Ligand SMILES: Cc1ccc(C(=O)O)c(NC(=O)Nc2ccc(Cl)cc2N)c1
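Here you get one chain, nothing else, as structure tokens; it is the form solved without the ligand.
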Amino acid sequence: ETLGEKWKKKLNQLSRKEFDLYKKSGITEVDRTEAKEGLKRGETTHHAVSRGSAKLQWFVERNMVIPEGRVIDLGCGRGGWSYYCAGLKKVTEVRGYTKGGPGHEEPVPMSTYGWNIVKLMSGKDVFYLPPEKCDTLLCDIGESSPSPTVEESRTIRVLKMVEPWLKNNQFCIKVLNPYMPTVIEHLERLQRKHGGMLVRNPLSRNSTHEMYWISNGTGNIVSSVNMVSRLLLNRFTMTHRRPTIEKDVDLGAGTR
């Protein structure tokens, strides 16, 4: 049994009260107060539509993924990754796809900088989409489940679906459950072919073991995964550490 499996079993033993105290203990988060208030009023400039804009920004500002040219955003939801990419100097077009409908996020129309080069298409299940040529491939799909075998299936399905979209392009792909041995096998194969590395984002909650496969990096996947399992396991030991608060992103206004 992996350390990740021990983490998941302990997470599943927590009461709701314990879970709620654990999930943000020692993580980093952006202060969404201002954006939430603006979005409730229907403001269409400056605000990021979700926490996702700051989450992808964390990787971009560290050069782990450097969006450029035609960006595909799989599982765009509200559009946080798409609207953030729309303002980046090297980006020329953003196409977001998301399922939408009951139980899923609809794209939120915005007028943040570069909105005119964004097209968000809901009602699209990416598992039935044929691949398109793109210079940057983004994917933020992977629904958590109390069952790690359900998560294992969901993760492998994402890894198999994204591969045909990868053609010597920039990429950033969520890996929901990176600790199951079958997932590690796929990730190692994918890294041998497409390069890159798996990275834990500090803005992720402790309630998910998600890591992101980014194109610009190297390293040992197994070591990085076990480091996260040990980090998350140790976060059950101590009393709640309030999250480290950071400023949210200002996505500005205007066309390009």
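Start at 1 and count along the sequence shown; that's the residue number.
Heads up, the form solved in complex with the ligand isn't pictured, but that's what we're talking about next.
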Since only the chain is shown here, I'm wondering whether residue 105 would be in contact with the ligand in the deposited bound form (any heavy atom pair within 4.5 Å). yes
May I ask you to state whether residue 186 is within 4.5 Å of the ligand in the deposited bound form, using heavy atom distances? no
Is residue 95 close enough to touch the ligand in the deposited bound form, meaning at least one heavy atom pair within 4.5 Å? no
Could you confirm whether residue 130 comes within 4.5 Å of the ligand in the deposited bound form, counting heavy atoms only? no
Of the options 164, 101, 146, 181, which one has a non-hydrogen atom that comes within 4.5 Å of the ligand in the deposited bound form? 101
Check each residue of 67-95 against the ligand in the deposited bound form and list those with a heavy atom within 4.5 Å, in sequence order. 78
